[PDB]
Each structure stands twice: as C-alpha cells, then as structure tokens.
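Considered here are two forms of the same protein chain, supplied as structure tokens in two stand-alone entries, structure 1 and structure 2.
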Structure 1
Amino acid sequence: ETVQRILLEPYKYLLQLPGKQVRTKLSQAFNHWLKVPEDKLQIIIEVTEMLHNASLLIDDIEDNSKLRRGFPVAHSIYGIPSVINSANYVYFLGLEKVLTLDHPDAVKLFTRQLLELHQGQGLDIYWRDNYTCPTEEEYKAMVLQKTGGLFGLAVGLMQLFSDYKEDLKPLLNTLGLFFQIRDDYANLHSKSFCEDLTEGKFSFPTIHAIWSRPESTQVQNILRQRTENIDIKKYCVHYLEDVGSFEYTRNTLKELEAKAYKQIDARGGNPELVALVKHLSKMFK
C-alpha cells in the first residue's frame, strides 16, 4: 500500500507552499471565541487543510495557472489527470476524517459547505468561459459562496462543539470578500505576472474597468485572448490604472477592513484577528 504515496504525491507537493500560517492564525483567532476542545479542534484543522488544498489543486486546473505562491502548480509537474484524481481522493479522505468527529450534524454541514463552494466556483468559471462579465453585486455574491464554503466549514464545525451562540456569518462574509479582492488586487498590481488576465477571468479590478467605460470592449477583448504576451498585459494594467480601477479596489479594501474591525468589536473584540487583518491590509498604500 504505497498506492497511497503515489496517489497523494501531488497533494504532498502542495504542502510545501506558503498558506498554513494564515490558516493557523484564523483557527486560533476564532477559537478565542468558540473555545473548542483540543481533540475536536485538531480534526477540524486537519480537515480544513485537506479540503482547502484539494480545492486549490482543482482551481489551478480550472484556471490554467502556472504558479501558486511562487511555486509551479501541481499539475504542471504531475499532469492534469493525476492531479484531478488526487484532489478528489483527498476530498473523500477529508470526509473520512470528518466522520472521526463523531457528531451527527458534522457530515450534514460538510456537504452544505462543499455544495456552496462548488456554486461559487461554478459561477466564476461560467462567467469567464461563456464571456459574460458579472456586475459588482453578482461578483461579491459568488465570492461569499466561494470563500464562505471553506470559511463556514471551519467555523461551522467548530460551532458544533462550542457554547458560543453569537452570529459570525457577517464577519466571515467580510473576511471572504477581503481575501478574494485582496487577491484580485495583488495579482494585477505588483503567481507570475498578471495571471488573472491570461486566465481571462473577471476579477474586481477588471470588472470595474468594464462597467466604468461601457463604450469600450477593450478589457473584454484582452481577457478573451487568454494571452501570455507581456506587452498586452502591461497595456491593460496601464488602462485599469487610468480608469481608476486600482484606486477603486484600494478603497473597497479599506472599507472592508473598517467593517471587519467594526464587526470584531461587535463580538467583544479579538486582538489576534485584528493583528492578522492589520497585517494583511499592509498590501494597499
């Protein structure tokens, strides 16, 4: 049974990548409130990691990405077919691990949240490949489905074993939108160079440019080319800057940071979470 080794090799590859430090901080922060017992908390952490990583392996294939956090994407080393099988294998390894929580609502919640993630991803993929730019409201809505999938899996499972009956769903929605838009910004403003444009996807900045200059189809046409061409990409970033789309993403990110601090105090404060949000906000201005 070194079948398991071969099957999990693409996953193990991805564990080299950065990302666990922030996932750890989030669990610790939210456990400040939920006060979940050590044994259940670790199964929940393990499970979160597996599903998150499983879904990143798949997103990279859906998105024809080249790098992730400075590293080549699993499937550019091992191939698409091996990575798909492996990611899916790992999803069901997660489900197996969830059953070790031995709580009758755990699998019910796991299903709900994985169904929600797939709706978020579905829409993203749908808009891109059928060339229908979403409205800003549509976009935010699917980001809450995408990111609320894993956000709400983690805190939902924790809640099964917590006495903390205050409402976190609003705060999770803010942090979801925050991570995603922050990501959308980073990708086009500083993964390799402007991958989101090669992907052809509609991210926060490109959406803004599209609706801000409706006589133009320039961004749409560029996204449709799925181009690796550095000069086209450069021209496009120059264009978003002119139309004020980076500006508008910056301000959207400042408001979401404000709201996060507002929502955290509403729950009595959480210094560790404020620290992480302040640290993650460094990446504008």
Structure 2
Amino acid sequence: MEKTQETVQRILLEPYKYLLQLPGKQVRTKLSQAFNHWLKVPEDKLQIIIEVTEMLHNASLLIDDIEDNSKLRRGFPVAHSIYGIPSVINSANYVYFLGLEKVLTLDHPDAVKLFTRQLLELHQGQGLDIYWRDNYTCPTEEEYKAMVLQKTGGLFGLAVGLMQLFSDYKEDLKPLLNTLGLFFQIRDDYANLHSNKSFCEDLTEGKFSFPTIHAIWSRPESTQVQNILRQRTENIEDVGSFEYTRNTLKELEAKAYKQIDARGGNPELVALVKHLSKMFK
C-alpha cells in the first residue's frame, strides 16, 4: 500500500508538479509571511496554511489555463498541452481535495467552513470570467474588479482568514486585502500584455483584462456594441490603456502603503509591495 499509493499519488500529481517547478514568485507565500508580522501565527500552523494556499493557487492556474485556452504559463507550455486536458483536470481537482485534507490537519472547527466559503467564491469569480469571455461581453472596470476580488481575492482571503483562526490579532485586514488582490491581478494583467501582439490577440479572443477593458470601453461605439452583445445574455479618460493601467497600479500601490501604515506599519509587506511595483515604473 506504501509503494503503490506513492506511485498513484505521483502519477496523479504529475501535471501539478510540472507547473510547481516552473519559476514563479510565490507571492502568496511572501504575503502570508509578511502578514504574520501582525498575526503571529505559530510556524507549524502557518506552514500548513501556506501549503494549502499555494496548492490551491497552483491547481487553480492549471484550471484557469484550460478555461481560457492559454498556450503558455511562466514562459513554458501550459500543462494541458503536455499532459492533456483530462489528466490536468484530474490533477488540479485532486489537489483541491488534498488541500481540503490538509485544512483538516489544522484541527480548527471553523477552518473547513472558511475553506468552503472561499472555494465557492473562487468558483463564482472564475465562472463569471468564463461567462463573459464565452459571450464576448467585455466587463466594465467595476464588474471586472468585483469579479477579481472573488477569483483572486478568494485565495488571499483564505490564507489570511485561516491565519486569523490562529491569532488574537483583531484589526480589520479586509480593506488592505482588497487593495492587494486588485493590485496583484492588475499588475499581472499589465505584465502579461506590456512589451501589441498578446494585446490584440486578447481582443480577438474576448480575453478581458485590465488593459483591454480600458481599450474596449474607450471607443464611443462601445456602449452600443456591448449592449447588443449583452442582450444575448443574462447581462445587465482619454489616455492610452497601458498608461491608464500604470496609473491605476500607482494609485493601488499608494493606497496599500496608506493601509499598511494605518495598521501600524509592516516593513516586510512594504518591501514586497515596493519590489512588485518596479514592474510598472
């Protein structure tokens, strides 16, 4: 049972390990560690939380790449181009439940409730993202943000919320988490599209991210075009798109620094935000 449980687990995890070994930032690791400046979670619990968070993050990327027909991830072919969609779905989903299993080792009665809630949020966000893309209905800036706070902030919320289960630190971290979730997402959007080639391809495909959203709604005919496209569904700043994105990022950065200062400072979190902000300067 040891030798072949281990073979099975290794087989099932192959697509996931492919992605995990690619060069990446582990921002969720770094964020959680920086947040522990406030929360003072014991190392053993923190390690579990970080593992859960990174597991779910990587698994969700496998799924994301299938859901939007991406070709590359972290510079390399997406897992499903190598292993097939079937094995990748299975692998990513297996990791979700291995994440659940690991949450149970936290031995806290609220942990599973929080994990369930955050996974449901994540799927709501993802599901909207997909729906818009499939119907070519470009979200507004505000719709995009709300979706991102579910799809991206869902996991940030899980890490910090699980930490809060093991901490007497009671300050409201939700505003800062919202800022950070938007910041990270929009920064990714910017990093992916700033060098026309990916940008134009996105527009062709109906792949919506912060720069293309700005570009689409910038044209006056946008409203009437988008309204025709939204009738098919259950759907309700004169500057360049990259400049607008850079400006949004600078605002989000400044806001983060304000919110960190409002919580008494956090040099490690500040240094992380500053490093990540080089991307758009």
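By rigid core we mean the largest C-alpha set that fits within 1.5 Å across both forms. Residues that one form lacks are left out of the comparison. One-based numbering along structure 1's sequence throughout.
Using a core superposition, identify the member of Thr174, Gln159, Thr198, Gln113 whose Cα displacement between structure 1 and structure 2 reaches 2 Å or more.
By this measure, the answer is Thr198.
Core aligned, does the CA of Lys262 move at least 2 Å between structure 1 and structure 2?
For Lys262, whose C-alpha is compared between structure 1 and structure 2 after core superposition, the shift is less than 2 Å.
When you overlay the rigid core, is the Cα of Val22 off by 2 Å or more between structure 1 and structure 2?
It does, since the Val22 C-alpha is displaced 2 Å or more between structure 1 and structure 2 after the core fit.
After a rigid core superposition, would you say the CA of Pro214 moves by 2 angstroms or more between structure 1 and structure 2, or not?
Yes; that C-alpha moves by at least 2 Å between structure 1 and structure 2.
How much does the C-alpha of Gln225 move between structure 1 and structure 2, in Å, given a rigid core overlay?
Displacement of the alpha carbon, after core fit: 20.5 Å.
Do any runs of 3 or more residues shift their CA by 2 Å or more between structure 1 and structure 2 on a core fit, and if so, which ones, in sequence order?
Runs moving 2 Å or more: 18-24, 191-200, 214-230, 241-243.
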